[PDB]
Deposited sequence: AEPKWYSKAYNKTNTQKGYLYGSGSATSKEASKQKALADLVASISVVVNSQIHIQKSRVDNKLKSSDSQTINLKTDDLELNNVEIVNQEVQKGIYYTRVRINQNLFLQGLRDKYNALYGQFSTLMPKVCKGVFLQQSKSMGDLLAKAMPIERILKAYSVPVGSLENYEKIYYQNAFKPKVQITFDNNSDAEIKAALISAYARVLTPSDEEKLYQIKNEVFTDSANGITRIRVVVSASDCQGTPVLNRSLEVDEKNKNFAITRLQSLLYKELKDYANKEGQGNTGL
């Protein structure tokens, strides 16, 4: 009950009006919120967006001569409860991302943990600044730095292959991975003919979650690209049309 925040907008379309008014409402709440953490910090950082809200009230709607106007508001307390909720949903989504069938994690499952922790911390900063509970991420962070940032995956090669480019590969693999030798964690087999062929599988199972890359440009060390291109591959497999 204690508080109601407003937002309002006008556009040559009813829908566009609605949208300009939410935007303006989120924008308006960011302010009240940022300066609440500012009048708390022991001495507009975070900018909220629709993701953070739900189904808010329409207080005015007018239309005249082609322009539409919409004004919206939301209860401050319902707004916080909704943050408590998106947070709780983030927390219990993390638990479904941890170690599991192995001790090791792999790419997307890691990127996702990174994302949750990145959405959660700001939400949590807000919540603590208003004296709502939920206490701690510290534990999850630990679990993240010790299993998921990177992380550690074994990297195998073939009885022959070759070193430099093998080096090139491990080097690129490394801007995303931490080559490890400990077991009970995801593997990535390799075979390089002139251009690689890559396997994923994890502990207890051979879940093949991997494809095979090539680039016939043979110009010696100047084929640095199987690397320069391998990154871009492995990155955009964290879910981005691969």
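Asks: Which runs of the deposited chain sequence never show up in the coordinates?
Replies: According to the deposited record, C-alpha coordinates are absent for 1-15, 59-70, 270-285, which together make up the missing parts.
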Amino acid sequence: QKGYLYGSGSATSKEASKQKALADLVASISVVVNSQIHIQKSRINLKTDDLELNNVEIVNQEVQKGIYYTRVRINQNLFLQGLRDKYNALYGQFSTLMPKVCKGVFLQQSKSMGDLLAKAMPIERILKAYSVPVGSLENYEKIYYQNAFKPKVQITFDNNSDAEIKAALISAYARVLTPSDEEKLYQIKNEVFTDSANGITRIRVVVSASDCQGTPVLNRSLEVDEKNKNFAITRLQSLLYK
From here on, numbers count along this sequence of modelled residues.
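Asks: Averaging only over Cα atoms, indicate whether 162-170 or 143-151 has the higher B-factor in the PDB entry.
Replies: Higher mean C-alpha B-factor in the PDB entry: 162-170.
Asks: Check the entry's C-alpha temperature factors for 79-87 and 128-136, then say which stretch has the higher mean.
Replies: The stretch with the larger mean CA B-factor is 128-136.
Asks: What's the residue among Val31, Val192, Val56, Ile67 with the greatest CA temperature factor in the PDB record?
Replies: Of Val31, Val192, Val56, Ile67, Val192 has the highest C-alpha B-factor.
Asks: For the C-alpha B-factor as written in the entry, point me to the maximum among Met113, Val101, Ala120, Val72.
Replies: Of the options given, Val101 has the highest CA B-factor in the PDB entry.
Asks: Give the position of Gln237 by CA B-factor within its chain, expressed as the lowest, middle or highest third.
Replies: Ranked within chain, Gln237 CA B lands in the middle tercile.
Asks: Ranking the modelled residues of this chain by C-alpha B-factor as given in the entry, is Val224 in the lowest, middle or highest third?
Replies: Tercile = highest for this residue's CA B-factor.
Asks: Taking the chain's C-alpha temperature factors as the reference, tell me which third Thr201 falls into: lowest, middle or highest.
Replies: Answer is highest: the recorded C-alpha B-factor places it there.
Asks: Ranking every modelled residue in this chain by its Cα temperature factor as given in the entry, which third contains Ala16?
Replies: It falls in the middle third of the chain.
Asks: Which third, lowest, middle or highest, does the CA B-factor of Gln61 fall in along this chain?
Replies: Its C-alpha B-factor belongs to the lowest third of this chain's values.
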